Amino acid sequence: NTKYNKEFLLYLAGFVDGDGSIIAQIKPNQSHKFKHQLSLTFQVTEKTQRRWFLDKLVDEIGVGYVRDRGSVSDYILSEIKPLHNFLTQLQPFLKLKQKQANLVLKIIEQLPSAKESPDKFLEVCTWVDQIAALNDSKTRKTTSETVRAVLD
């Protein structure tokens, strides 16, 4: 848990707004409370030849990894706790994704209760419909509704 240089956040808030992404997801899983996994993700992608930029971030941010997928590379940050600490100091400098950052940031803060009640789960399980709304979704295939149908 740390605080980063105001100027690093300012510039990174710019790069995240451009070629960046703040994803929320309801990954359906068995070994998991109600058959689904509550997953939160922060990523930045770029041409593999410019991979260094991403690798740099792994060093500066202090967490997360970088992966290869063809003619492109990605920086992945999903450690729910340091994710909360990161989306904490950067959420203000955002301009195009400030909305969908908070929700993510305001779901973790309630993730323990999640499991609890199905009408307590669905709750959170909605925000992750909002964010998905705010982004530019085009291949979504699992919503609160599909997990509404958790009727046994």
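In case it trips you up, residue 1 is the first one in the sequence shown, and so on.
Averaged over CA atoms, B-factors in the entry run higher in 22-30 than in the other of 22-30 and 44-52. When the C-alpha B-factors of 6-14 and 137-145 are averaged, 137-145 comes out higher. For the set 90, 83, 111, 61, the maximum C-alpha B-factor listed in the entry falls on 111. Ranked against the other modelled residues of its chain, the C-alpha B-factor of residue 37 as given in the entry falls in the lowest third. The PDB entry assigns residue 124 a C-alpha temperature factor belonging to the highest third of its chain's modelled residues. Residue 67: CA B factor lies in the lowest third for its chain, per the PDB record.
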